[PDB]
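We begin with a single chain expressed as structure tokens, specifically the form deposited in one PDB entry.
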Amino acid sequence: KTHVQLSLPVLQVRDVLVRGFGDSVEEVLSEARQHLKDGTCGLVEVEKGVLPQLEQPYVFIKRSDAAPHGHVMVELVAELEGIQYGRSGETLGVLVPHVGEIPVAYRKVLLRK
């Protein structure tokens, strides 16, 4: 399937134990895709002061379209030192590994895989 319905646990930035997916744009996109498939991927909603508390490169989910079954269609865009690898719509949040942190909410998405 080109798209997969996922329910992503929304984590508070100060709860996150593993604050990024790796050390290169290509690695963080790879790892993010693996964690999304394995159901071990959390989402942090971006606000003032959130991104400096996470590790670069960042992986964003961005709205790719204007929402089947409540699931917003999203794709992955990485960012390293102010350069993004990908072009998409509005940021829904930054992806991080989920290692058992208690979420505050769930974000239903349709991931272009």
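All residue numbers refer to positions in the sequence shown, first residue = 1.
According to the PDB entry, the deposited sequence contains 1 to 3 residues between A66 and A67 that lack coordinates. Stretch comparison (67-75 versus 39-47) by mean CA B-factor in the PDB entry places 67-75 on top. Two stretches are in play, 9-17 and 85-93, and the higher mean C-alpha B-factor belongs to 85-93.
Below: the form solved in complex with a small molecule, not depicted.
In the entry with it bound, the small molecule lies within 4.5 Å of some heavy atom of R33.
Within this chain, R87 is remote from the site of the small molecule in the entry with it bound, having no heavy atom within 4.5 Å.
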